[PDB]
Amino acid sequence: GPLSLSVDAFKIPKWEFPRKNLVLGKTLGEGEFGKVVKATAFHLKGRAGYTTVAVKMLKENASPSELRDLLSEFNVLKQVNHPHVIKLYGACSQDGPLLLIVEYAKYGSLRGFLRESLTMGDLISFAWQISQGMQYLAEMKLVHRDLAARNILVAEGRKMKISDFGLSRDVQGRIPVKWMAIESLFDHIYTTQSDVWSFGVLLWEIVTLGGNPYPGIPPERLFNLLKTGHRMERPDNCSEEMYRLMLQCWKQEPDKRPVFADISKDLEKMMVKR
Amino acid sequence: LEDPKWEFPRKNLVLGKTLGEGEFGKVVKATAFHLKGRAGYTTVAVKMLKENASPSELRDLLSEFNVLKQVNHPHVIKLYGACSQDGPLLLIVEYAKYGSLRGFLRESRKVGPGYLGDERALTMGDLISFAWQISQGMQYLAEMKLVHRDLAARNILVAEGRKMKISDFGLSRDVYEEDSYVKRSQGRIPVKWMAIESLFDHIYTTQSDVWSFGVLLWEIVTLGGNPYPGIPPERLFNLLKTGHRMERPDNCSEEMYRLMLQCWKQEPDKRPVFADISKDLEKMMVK
Ligand SMILES: Cc1cc(NC(=O)c2cn(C3(C)CC3)c3ncnc(N)c23)n[nH]1
Ligand SMILES: Cc1cc(NC(=O)c2cn(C3(C)CC3)c3ncnc(N)c23)n[nH]1
């Protein structure tokens, strides 16, 4: 089938990293996304000595869907280069488990980083960096699908990195209900404008310092609440202008939502006006 | 839609500790007041959506509910009811005091009297009985034109009297129309339990459940061993296609291993059906 074709083609120069030059270290995180470990990589992409990296691999008892997702991430990440998209350095396809080698983010996920915590200027900068990355991916005709604070990484210099491309598509449902657009929930449609909806939820997560969206509402009740026009209220320590941006990301009609260039512009205007 | 045969008052269900959490959802221990004619409280288990559930997880829980309303067997987990209205979907089922079969067998390695070659003492006779009970459950599910798809030791429960209960119907599908279920997209069943034709061709039948049953037999006789130990799942495509199968484990007769190998035949029509698996396990017990 499609996966067996992909695996064999993958197994068989620019991307293949010698397994002997990778020393896997401590586990950074585990879950349905897979397993990510810290590692050191000798002579990685022409760099002297050891480069500290993160390595993504399959969890125990991986399904075809999880293997397909990891191969899809490699395919996507080969083609993208942006300061706020996680950088692929290579893969190990010839020695034991499939490994993807990416840049290391020392502060972990944005959700984790915010929860352990920053000024409102920093939070607006974090939103802007992510919007810049998303504007780039939108221009490359990639729909990410899984935008959330857990899938943004915080690297050296508090630099945002979009990660977790396993659900991404070129332009059943495994995106959590609470980050999904209304058209995604009811009609199974995913576009850059549904990424904008998810970005709105991510913006709410940023201002709440890694809060849980729609707290107390189960996802099985959220379907009807979104159709009737209910949205999350303005949270504590959030300006009227920032909340206005969120609400526009959650417009029922996708054409009424901002594009990422509009989101980036809003955040640029905010930061100069401070 | 609310079915008064199954709908249970929310105020009558009290939830306790998490028994298990993962891809399947979340299962908690609970108690239910005035459940299905029983006066007072009854200890039960409740399956619910985990935190940050997706539409696929909700559809799977709804599908389990629909399946378990229609299927009844001494070796299938018993549905008692559901709380479906004005809140999270909670499925109320029979509590299995010993947990998963995988967990129960792994405990038998360290908990006396252990495996010997009362209910913590295990013999090969007991292991054959467990396999037989599961095969009886699967034979009935096959008559019901249901393919389970996710048969594994982690998804068999060990209840009072060490009675086997098939659980985790979230991936199960009806095959009444063509005797097969086919999915265009990639499945969510762990690779190491999948039939060759499921892995390559996305075809699921009762004969692909038979393959999975063979892997379950291997898990039973190894006291909860991990299939294809140390082999990455991406290597299974080549491994299976070239005719490789798991070797005869320690603690496995020739007859039992022949049954596993029969369950892993490349051609699905050469594999035994569940009625014959049941017969094979009966002949092993009596001798
Ligand atoms: C190919 C790919 C890799 C990836 N994800 C990460 O690289 C990372 C995930 N984490 C978490 C928060 C789980 C531990 C990381 N932590 C520190 N550095 C990191 N590069 C990561 N997505 N797609
Ligand atoms: C509708 C449904 C329920 C279910 N699963 C379980 O009810 C159970 C799962 N576990 C595990 C091993 C995870 C903790 C149980 N343990 C003790 N009793 C139990 N009834 C269970 N599948 N489908």
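Along the chain as shown, residues are numbered 1 onward.
Structure method, as recorded: X-ray crystallography, 1.6 Å.
The backbone N, Cα and C atoms fix where each Cβ goes, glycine too.
Swiss-Prot annotations:
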- A:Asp146: active site, proton acceptor (ACT_SITE)
- A:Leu28, A:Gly29, A:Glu30, A:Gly31, A:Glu32, A:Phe33, A:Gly34, A:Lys35, A:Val36, A:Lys56: ATP binding site (BINDING)
- A:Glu103, A:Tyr104, A:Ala105: semaxanib binding site (BINDING)
- A:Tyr104: phosphotyrosine (MOD_RES)
- A:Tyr107: phosphotyrosine (MOD_RES)
- A:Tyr243: phosphotyrosine (MOD_RES)
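These come from the PDB entry:
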- A:1-5: expression tag (SEQADV)
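Known features from Swiss-Prot, placed on the structure.
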residue	record	DSSP class
A:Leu28	ATP binding site	strand
A:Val36	ATP binding site	strand
A:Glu103	semaxanib binding site	strand
A:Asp146	active site, proton acceptor	coil
A:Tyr243	phosphotyrosine	helix
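Proximity to chain B, defined as a C-beta distance under 8 Å, is registered for none of the recorded positions A:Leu28, A:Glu103, A:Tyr104, A:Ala105, A:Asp146.
Max Cα-Cα distance over the annotated ATP binders (A:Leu28, A:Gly29, A:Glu30, A:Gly31, A:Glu32, A:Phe33, A:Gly34, A:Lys35, A:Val36, A:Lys56) is 14 Å. Unmodelled segment: 26 residues between A:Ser117 and A:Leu118, spanning 7 Å (Cα to Cα, whole number). Ranked by CA distance from the residue listed as 'active site, proton acceptor', the binding-site residues A:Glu30, A:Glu32, A:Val36 have A:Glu32 at the top as the closest. A:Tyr104 (semaxanib binding site) sits 32 Å from A:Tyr243 (phosphotyrosine), counting Cα to Cα. Residue environment of A:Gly34 (ATP binding site) contains 20 other Cβ atoms, counted within 10 Å of its Cβ in all protein chains. Cβ-based neighbour count (10 Å, all protein chains) for A:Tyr107 (phosphotyrosine) stands at 16.
Closest to A:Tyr243 (phosphotyrosine) by Cα-Cα distance, out of the recorded positions A:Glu30, A:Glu32, A:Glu103, A:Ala105, A:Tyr107, is A:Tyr107.
Cα atoms of A:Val171 and A:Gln172 lie 18 Å apart, with 10 unmodelled residues in the deposited structure between them. Here 3 residues go unmodelled in the deposited structure, bounded by A:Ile12 on one side and A:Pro13 on the other; the Cα atoms of these bounding residues are 12 Å apart. Neighbour density at the Cβ, taken as the number of other Cβ atoms within 10 Å, is lowest among the recorded positions A:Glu30, A:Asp146 for A:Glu30.
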